[PDB]
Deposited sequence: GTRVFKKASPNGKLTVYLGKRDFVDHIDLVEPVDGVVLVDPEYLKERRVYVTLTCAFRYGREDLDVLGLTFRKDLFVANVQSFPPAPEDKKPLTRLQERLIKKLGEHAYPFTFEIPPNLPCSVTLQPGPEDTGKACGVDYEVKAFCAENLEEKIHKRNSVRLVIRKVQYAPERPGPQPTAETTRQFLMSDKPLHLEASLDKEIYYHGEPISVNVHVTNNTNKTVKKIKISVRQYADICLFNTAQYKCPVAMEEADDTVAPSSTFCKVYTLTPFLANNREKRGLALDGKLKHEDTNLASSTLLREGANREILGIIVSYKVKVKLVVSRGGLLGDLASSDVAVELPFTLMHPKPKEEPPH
């Protein structure tokens, strides 16, 4: 069979059904946020029922909106076309009528910037709230009455099939030649990123220290946020006039990262744990990652590789 979400209003006078909480972007398109609402004609003297989709943002504080969309009980006289396969089965199962929202391409994804412990308000980020309501006037000051708020997510995960290798070259001045590369285009949360490091130091001075980091890039446009999610400060030295090779390994995980106020996480529904933000393949938050190889000489040198931190396309179900 299957399972769905069925939040209803505080006074029994309205109910929202959703098939799921997450919607996915195949890059050039976006899934429709599609559901049905049960309506009560016997309460509904106001004579109109409407549903809202809102791509909000939260950041004293600012609450913005990046996208707002609305849809028509009594049934629309002509807009019967976009009824989705999911909705028709609730229609069969139940006085309930569709609501649907095709978020346009080139809009941000479900990103929860951290709820830093020092703050207690609603979490920052691009939260998708679907808000079904009954009203007499679409301009009325919406009270806590028969409306039902429900947060959703719109997300992106692993780009299937093989892709280009994050090979890189950088040299400084004889040459201090630095090369690094990974083994895959895409990589996954919490797994080891295989960091290769070739160095040829024709200078007199020693490479004092080597840092590998994996760094989180999240562009905020309501600016961009930069923070290292992982780091390996190996002691290996490229001795003067030598050829060097080493393979490093790092794993980025949230566990240590919780204290770094302002990181970005995959969209929280309520307060449940999620992975660090899957990369975005535009307003809002656009998030991507790189593996960084740095050499410290007794005076730094570095190379920085395009790293796609993501999650496999989950075939079984969404997170939770």
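Comparing the deposited sequence with the modelled residues shows gaps at 60-68, 82, 105-106, 186-190, 240-242, 302-309, 327-336, with numbering starting at 1.
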